[PDB]
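Before any questions on binding or motion, here is one chain by itself as structure tokens, the form deposited in one PDB entry.
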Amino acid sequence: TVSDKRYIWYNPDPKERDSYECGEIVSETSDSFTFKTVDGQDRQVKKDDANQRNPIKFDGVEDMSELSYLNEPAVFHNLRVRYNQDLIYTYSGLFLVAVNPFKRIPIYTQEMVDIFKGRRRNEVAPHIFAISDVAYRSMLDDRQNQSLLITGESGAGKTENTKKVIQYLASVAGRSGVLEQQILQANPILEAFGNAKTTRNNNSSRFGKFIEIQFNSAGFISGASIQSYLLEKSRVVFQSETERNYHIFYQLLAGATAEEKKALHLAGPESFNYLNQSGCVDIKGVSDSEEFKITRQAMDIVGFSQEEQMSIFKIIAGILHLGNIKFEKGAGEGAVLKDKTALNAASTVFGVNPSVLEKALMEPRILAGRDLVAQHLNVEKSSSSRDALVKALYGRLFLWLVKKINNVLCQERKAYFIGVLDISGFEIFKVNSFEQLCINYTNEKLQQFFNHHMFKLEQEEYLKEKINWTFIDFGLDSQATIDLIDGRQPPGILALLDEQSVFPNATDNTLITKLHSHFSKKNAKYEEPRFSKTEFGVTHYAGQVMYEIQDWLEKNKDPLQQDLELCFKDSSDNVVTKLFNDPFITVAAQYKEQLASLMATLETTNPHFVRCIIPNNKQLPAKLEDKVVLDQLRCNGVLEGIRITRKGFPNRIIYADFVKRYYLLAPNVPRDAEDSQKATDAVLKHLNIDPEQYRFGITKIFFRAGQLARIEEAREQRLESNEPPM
């Protein structure tokens, strides 16, 4: 008997919470289900926790919010049903989810572009082109800037979907092939200097970037610009085991010419301190030599002179030499020239006088009273100032590359923009430090921005449909965690870090003690663990993350010695001089301010949300793994959207469509009944449906989660029955 059967998604091992199987419900009580596992054991589950399986009619829906059992394994299942038909795009409420097929699919042709022109989301299948077109028409209709927030680690398709957005916009708004290629060739340059191998991804973005596609008031593409945010400069001087420095370093050493190698005095990576501690210098399946060629070509395409290109690589090389400088305490308080080979190599490439540099590194002068005093520094402080020099140099170089790229892109006659945002994703390593807290804070704020945007649209939808149901701002769900990190009163983690940083005698231990004293057992989003003395936990939208406090006081300071700045202002290199002559705040306060400026920008826009994901970690086509997929959906906020969506009345059916499907569940209700609302009510009343589970709108019946599934199950049963139920 087919239609008596009900299925459930369950975890064979609850602690592997994203690995599911399909079980069969056999018994039902007030508050629970009993079901049978795939191998035959019976289990129980509370109805409040149960993940029922949607009837087959729901398989393949284009928007996850149409699912009636809206739950995490059901979401995976729908994504899989579409993926197994080579439908890689699916909506989940406001999100567009894009799953990498790891093979070529011809869905980005000129015939496909044309189908999406002027079509609203509900008239065409899910597609990145559909997202792009709606953004473009909204921009013009509302005279408002747009943002596209696109997630995805390398391998997921984020770069390919960004390219598709740009290609589409150029096709619907171009008159502009040279601009488009210039925009696209920015990414290999920034990636070389802003991406790195971590333990979780071979090509991780360690910075955020907003690409503006600019339009004139008439709607034609008129230019572009790029803005960068929040580059992680700490990686330049230290990498954790098995990770790498920024790509550009390995690209330079592997693909440079023999003369370039000689001219810049460079050996292999493990010859250099900054690239030789992690134990990893190469990435399987990646050729740093080829990538370097790709970088060079991109720089040519976007207008970098050969003169500039050589000075860029001189600074990259200079940083490497600076890193191999070994300070030694010539016995006494101070540090000495140990061996001058690294310094002169750095000074050669930088165009700087070497004797000036070593003096500014170990014996910087700062005004004592109101006159100069040569401060001789010990080896420790000499190394840190050397490290701060490197980090200042890399970050100034990064900002210069951005400025140079923007110079070549036009920005005249801009009226509007459609902006693509690409930021470091939510990340949990084995050990998480201050860098991870900052990244995860950014993502908490970005998810709050999504949630709040969803809220404003849901408020309008319920108002328009005249639905008797109230709900509070979804963004409030994020506020406890955000306040715990960035709050002022009560002070959050970053405020307390700042308060401790001003005392030179503060320590790792005084800082963690202060954090525990403020938050342990007092804030539900914070955890003091029972056995670590150096870690605390924060409950993010994407899960708890444990943070290790070691070195955070030093990480929160970024002083640079003026004598170092003065030294580099004199240099021969045209680029180097720019880094220092174009024009007290802690790192945490900087991070907070830069994030606040990004958020301000985003608040002026109408946002669109694209979530690119990989189906598995083996780059294989036709292979989904729920564990892999659900981790990404948790981190990128799709499962947070589901959490919110499943709480109200997610399923919303035009009355006539409801009647066309379910008229047969009630006597004397015609399939094409004239008064569709009255027929809907007749079906619901005949079925004895609890009226708390639905609301009548002006044009649609709204259902709580699960209720439409039960009606569907009754239809499945009625069709194969010899008479109506008893």
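For clarity, a rigid core is taken as the largest C-alpha set superposing within 1.5 Å between two forms. Numbers for residues come from their place in the sequence shown, where the first is 1.
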- Message: According to the entry, how many residues of the deposited sequence fall between residue 120 and residue 121 and are not modelled? Options: none, 1 to 3, 4 to 9, 10 or more.
- Response: none
- Using what the record says, work out whether there is a hole in the model between residue 583 and residue 584 and how many deposited residues it spans (none, 1 to 3, 4 to 9, 10 or more). 10 or more
- Query: Per the PDB record, is the mean Cα temperature factor higher over 339 to 347 or over 129 to 137?
  - Reply: 339 to 347
- Message: Test of understanding: from the entry's C-alpha B-factors, which stretch has the higher mean, 41 to 49 or 689 to 697?
- Response: 41 to 49
- Query: Taking the values straight from the PDB record, which of 525, 518, 403, 261 has the highest C-alpha temperature factor?
  - Reply: 261
- Message: Per the entry's Cα B factor values, which of 487, 323, 425, 615 stands out as the maximum?
- Response: 323
- Taking the values exactly as deposited, rank residue 533 by C-alpha B-factor within its chain and report the matching third: lowest, middle or highest. middle
- Query: By its CA B factor, does residue 627 count among the lowest, middle or highest third of the modelled residues in the chain?
  - Reply: middle
- Looking at the C-alpha B-factor of residue 29, is it in the lowest, middle or highest third of its chain? highest
- Divide the modelled residues of the chain into thirds by Cα B-factor and specify which third, lowest, middle or highest, holds residue 387. highest
- Relative C-alpha B-factor of residue 462, binned into the chain's lowest, middle or highest third: middle
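One more form of this protein exists, namely the form deposited in another entry; it is left out here, but the text below deals with it.
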- Message: If the two forms are fitted on the core, does residue 42 show a Cα displacement reaching 2 angstroms between this form and the one not shown?
- Response: yes
